[PDB]
Amino acid sequence: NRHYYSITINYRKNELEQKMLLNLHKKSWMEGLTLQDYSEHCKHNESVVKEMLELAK
Amino acid sequence: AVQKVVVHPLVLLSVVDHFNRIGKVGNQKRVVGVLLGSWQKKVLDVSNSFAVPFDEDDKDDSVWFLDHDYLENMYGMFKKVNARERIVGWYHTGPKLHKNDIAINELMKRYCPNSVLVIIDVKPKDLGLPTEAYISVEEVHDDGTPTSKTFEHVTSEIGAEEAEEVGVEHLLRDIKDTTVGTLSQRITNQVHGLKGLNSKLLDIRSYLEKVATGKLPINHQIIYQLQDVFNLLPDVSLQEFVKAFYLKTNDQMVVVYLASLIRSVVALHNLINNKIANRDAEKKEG
Amino acid sequence: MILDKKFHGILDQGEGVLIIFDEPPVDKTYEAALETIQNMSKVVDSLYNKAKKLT
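Looking at the PDB entry, one finds chain B named 26S proteasome non-ATPase regulatory subunit 7, with Homo sapiens as its source organism. Per the PDB record, the entry is named "Conformational Landscape of the p28-Bound Human Proteasome Regulatory Particle".

Looking at the PDB entry, chain A carries the name 26S proteasome non-ATPase regulatory subunit 14, with the source organism given as Homo sapiens.

Now the structure itself:
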């Protein structure tokens, strides 16, 4: 610390970064049309998830 | 050639910078940026990009202004500091596909290799995925139209490799992770109907409008496949799927037994401690 | 040989109809039945702890 100090750091975000980056990250965790990979799990509940249910039991 | 591409949010936040450094001049036209990526591997991966001064004309649409010296200097310095990424294509922020894009993209078709095109929106109001990879390849048409530049839609995904997920997650502090369970699932199961309702409902209006009030043939051949795929499900009577409803309903019964039995096991510690703790705390309180 | 349960089949005398069928999901009713039987002892033991602490 002798002859060597630091300073605080803050951030800033406008509405364009909030909506564009927030919707961009939600879309980054979502699908393209948002209806594609739903039926994949809805129909995999009878094929693959059954093994996870038997192991869960 | 390319099945899927990977676009990092750094270039779209660079478009946020394109909308930040405007200076309130009142132009906000389709600023063209030089897209960078890795064309070596079969999959496309955009790391970063830069900008180039691009200005058009008000009346005449065929006016386009590019620069070769600035592109060779930014590509020379950027290649000197990082030789792992080279030029791939470009991208414009305009929501409408103008005719001049064949002349704008034709320069990077002659000098540069096959350039990918990405159309985004100037306002973050579109609920759908803002990035659409449009490859610049010439396709043969069956009706006999002359060979021209065709923009085929290539699927895209928004992902970060190592650090941008940490930076975005730290800057937001509001978004949630996958978090499999009740809320993250029911939110999708509630808002998904609007996620498809705004897109499909927003498309069928201009579609039905251009069906009767349309000219300048828009390749009506693909409409036969459109209504054909729409008619690939001719209202099945669900007669054969009854046994499948018995299987899924049987799994539902399994979930019922797991819920009732497991919760009945959880009720042990509560329905015991509620008695042994209250009676001992009461008999020993005074 | 059907009474020995070596394969799937059943005989017939009046009509002579041969029917072959199987039931793949065997590990479901066994684990479920074991959960019910094992949890019955849990609820009964709970009723023994409460019945002991009350009366």
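Read on for the rest.
Asks: I tried to follow the overall build of chain A on my own but got confused; where do I start?
Replies: Looking only at helices and strands, chain A has three helices and zero strands in total. Helices and strands appear in chain A in the N-to-C order α-α-α. Here chain A has a C-alpha radius of gyration of 23 Å; the compact-globule value for 57 residues is 10 Å, and the former is much larger. The principal-axis extents of the C-alpha atoms in chain A amount to approximately 65 × 35 × 10 Å. Taking all 57 residues of chain A together, the buried fraction comes to 16%. On chain A, roughly 5000 Å² of surface is accessible, and the fraction owed to carbon and sulfur atoms is 56%. Averaging the locations of the 9 positively and 8 negatively charged side chains of chain A gives two centres separated by 11 Å.

Asks: Help me understand the nonpolar core in this model?
Replies: Grouped burial of nonpolar side chains is what soluble globular proteins tend to show. Core analysis: the largest hydrophobic core is formed by 22 residues, its most contacted members being B:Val5, B:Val11, B:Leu12, B:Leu35, B:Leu44, B:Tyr91 and B:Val116. Of all the elements in the fold, those that place two or more residues in this core are α1 (15-28) of chain A together with β1 (4-7), α1 (9-18), β3 (44-46), β5 (86-92), β6 (116-118), β7 (133-138) and β8 (149-158) of chain B. Per element, the largest residue contribution to this core is four residues, and it comes from α1(B). B:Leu35 has contacts with B:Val11, B:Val46, B:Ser49, B:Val88, B:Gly89, B:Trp90, B:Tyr91 and B:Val116, leaving out every residue within four places of it along the chain.

Asks: Honestly, the side chain of B:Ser115 in this entry has me stumped. Any pointers?
Replies: Residue and element names in this part refer to chain B. Along the chain, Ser115 turns up in the loop between α3 (101-110) and β6. Looking at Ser115, its side chain comes within polar contact range of the main-chain oxygen of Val88, at 3.4 Å. Leave out the neighbours within four places in its chain, and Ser115 touches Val88, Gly89, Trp90, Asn105, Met108, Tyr134, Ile135 and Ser136.

Asks: Sorry if this is basic, but what is going on with the UniProt feature "domain: MPN" in chain B here?
Replies: With numbering matched to this structure, UniProt assigns "domain: MPN" to residues 5-140 of chain B. Span residues 5-140 of chain B is 24% helix and 23% strand, its end C-alpha atoms 24 Å apart.

Asks: I'm lost on the pairing of β5(B) in this one. Help?
Replies: Remember that side chains alternate between the two faces of the sheet whenever the strand is regular. Residues and elements named next belong to chain B. Judged by how many residues are buried, β5 sits mostly within the fold: six of seven residues are covered. Both strand β2 (residues 32-37) and β5 contribute to a ladder of six bridges, which runs antiparallel. Of the residues in β5, the one forming a bridge with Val32 is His92.

Asks: Help me understand the packing of aromatic side chains in this model?
Replies: The geometry of an aromatic ring pair comes down to the distance between the two centres and the angle between the two planes. Residues and elements named next belong to chain B. In the structure shown here, the tally under the stated rule is one aromatic pair over all chains. For the pair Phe241 and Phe245, a centre-to-centre distance of 5.1 Å together with 90° between the ring planes defines the contact as edge-to-face. Overall, the relative accessible area of 43% leaves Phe241 in the partly exposed class. Over the ring of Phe230 we find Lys200; its NZ or CZ atom is 5.8 Å from the centre of that ring.

Asks: Explain the sheet that holds β2(B) here, please?
Replies: The strands that make up a sheet pair up through hydrogen bonds in the backbone, lying either parallel or antiparallel. Residue and element names in this part refer to chain B. Within the open sheet, the three strands sit side by side as β4-β2-β5. Their pairing is antiparallel. A strand with exactly one partner marks an edge of an open sheet, and here the two such strands are β4 (49-51) and β5. Taken pair by pair, the neighbouring strands of this sheet meet at an average axis angle of 30°, ignoring direction. Packing of α1 onto the sheet brings it into contact with β2, β4 and β5, and relative to β5 it is tilted by some 50°. Sheet strands in contact with α3 are β2 and β5, and its direction is about 170° off that of β5.

The rules behind the values
Residues numbered from 1 in each chain as written, not as in the entry; some residues may be left out. Chains lettered and ligands numbered in written order. Part of a larger assembly, values for the part shown. Heavy atoms only, no water. Helix = DSSP H or I, 4+ residues; strand = E, 2+ residues; numbered from the N terminus. Rg over C-alpha atoms; globule rule 2.2 N^0.38 Å. Buried < 20%, exposed > 50% of the residue type's maximum accessible area, 1.4 Å probe, protein only. Areas by Shrake-Rupley, 256 points an atom, 1.4 Å probe, with all protein chains shown as cover. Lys, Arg positive; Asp, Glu negative; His and termini not counted. Charge placed at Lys NZ, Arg CZ, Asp CG, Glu CD. Core = buried A, V, L, I, M, F, W, Y, C linked by side-chain atoms within 4.5 Å. Contact = heavy atoms within 4.5 Å. Polar contact = N/O pair within 3.5 Å; in protein donor to acceptor, adjacent residues only side chain to side chain. UniProt positions renumbered as here; feature names shortened; annotations may be inferred. Pairing = 2+ DSSP bridges. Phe/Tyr/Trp six-rings, centres within 6.5 Å; stacked < 30°, edge-to-face > 60°. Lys NZ or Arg CZ within 6 Å of the ring centre and 35° of its normal. Axes fitted to C-alpha atoms, helices over the stretch in contact; angles between N-to-C directions.

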